[PDB]
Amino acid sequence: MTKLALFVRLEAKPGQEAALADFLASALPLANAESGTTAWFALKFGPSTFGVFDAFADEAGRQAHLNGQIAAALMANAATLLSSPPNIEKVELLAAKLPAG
C-alpha cells in the first residue's frame, strides 16, 4: 500500500494560467518515469488555481520525487509561473485504494 503523500496548491500569475496548466500536463511522462511515485495527479481547481497530489510507498519514494525532475522543473519555473510561494504539504496516508497495476 501507499503510505505517504504530498499536496501543493499553485496560484498562476496573470497571463501564465495556460503556461502553468500546460507545464503540469507536460510533466506526466516525468511522473511515469518515477517508479517510486505510485500515483500522481495534476489538479485544476479554477482558472488560476492548480495543484499536484501524489502518493508513495515509503519515504525513499517521496524524497526521490522531491529530488526528481518534476520538482526540479517546477522550482526552475516557479518565479515565472506563480503569484505566491506555494507550501508543499506533507501528508500521511491513512489508507489508499489504487488499481493493482
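Residue indices: 1-based, along the sequence shown.
Look at the C-alpha B-factors of 83-91 and of 16-24. On average they run higher in 83-91. Annotation for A33, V52, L74, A55: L74 ranks highest, by Cα B-factor.
When the modelled residues of the chain are ordered by C-alpha B-factor, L66 sits in the middle third. Among the modelled residues of the chain, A5 sits in the lowest third by CA temperature factor in this PDB entry.
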